[PDB]
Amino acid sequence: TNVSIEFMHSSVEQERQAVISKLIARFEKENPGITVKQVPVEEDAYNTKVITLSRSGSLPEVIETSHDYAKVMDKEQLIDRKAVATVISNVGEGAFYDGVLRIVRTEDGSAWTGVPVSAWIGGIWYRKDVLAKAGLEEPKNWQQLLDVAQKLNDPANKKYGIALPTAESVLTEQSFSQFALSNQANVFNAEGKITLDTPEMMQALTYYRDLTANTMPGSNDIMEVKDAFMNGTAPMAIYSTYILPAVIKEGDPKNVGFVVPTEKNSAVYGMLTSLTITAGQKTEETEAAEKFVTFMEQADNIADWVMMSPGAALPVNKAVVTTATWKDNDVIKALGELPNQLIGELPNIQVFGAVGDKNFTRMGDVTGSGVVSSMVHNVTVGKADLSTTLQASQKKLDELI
């Protein structure tokens, strides 16, 4: 009458595995009869491990996943939607901050691909002092942002108004999505068709081009953007919350502000990490996975999970901020009002492919093709004609799907 399941995750660092080992021991203590085994897998090797284990009927019952890869698993039908929805029913949809569960919806809108445990978000980081030393209030829309970037621009001195991604990489697609979605421009419409060559998408693309006249020249990827912000080449930068551990190390957290691209609405990019439960397992394995993920969502356990990356990972469960784990963390206290500001921006999470309560799985192929960041790259670095590049991009996607 004992049952054994596996928890596959990507925390291969010994510190993180120590935290997961104590969570598991706490779980097993409260649920005699259930053993959980760790399966740490480097993020690099995640997909190969998954196809290898699933083609041998040895897929672990519980799997840590980002929301985009959960879409690929759900399309391959590797996810037990009823088990996931059972967990969400237990803790309640109201346990999650608004905007969070929409992102993990299935393509038909009827269920979810996983149970969210954390998120990182992206937006505009800036240096509070430099914007005073220039006479500028923090920007609240496209116009104010462009104006602030122009005022802080100064390329003769190798200083620039904003660090903006422009490379042929997912980072550019993510940061550009924030402006496009702030203009109600999504790559998909509510019927699952590719809607790229649209008026509202052209406006965002035209605005991004104007804004990049104030960024470092050339193809800027993750290292270019981070370096420029960290060494003072630009006092504004679009980046994820993973900049926050670096500000803690190199600089002064008091001096960092955060603003959200806003035009017709506000849009922050976001990546969710979830625990999902896989399909095809014995019923007793499935119920054990259900209890395990439900356990992981209780306040003290979810808080220990999220604090494995303090500053970088945000809580998506409303209970985390009530725990002593959260309020007594040194990193969280060093950041001041920032963690509450960031959590407050979770209702504004928008991503390409998530249209209402449906997240279309063909967005993975769109992203996998690089057409959207390449399009942005061509018009910003290459100086290509914007209207015919947008039109060529629509045609490449139509031909792709």
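For every residue, the number given is its place in the sequence shown, counted from 1.
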The stretch carrying the higher mean Cα B factor in the deposited entry, 237-245 or 131-139, is 131-139
The stretch carrying the higher mean Cα B factor in the deposited entry, 383-391 or 13-21, is 13-21
When the entry's CA B-factors for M271, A83, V148, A267 are compared, the highest one belongs to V148
Based on the PDB entry, the highest CA temperature factor among the options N157, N90, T172, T106 is that of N157
By the entry's values, the third containing the CA B factor of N47 is the highest
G370: CA B-factor among chain residues, third -> lowest
Tertile call for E76 (CA temperature factor, within chain, third-based) is the middle
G122: CA temperature factor from the record, placed by chain third, in the lowest
Of the three thirds of the chain ranked by Cα temperature factor, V256 occupies the highest
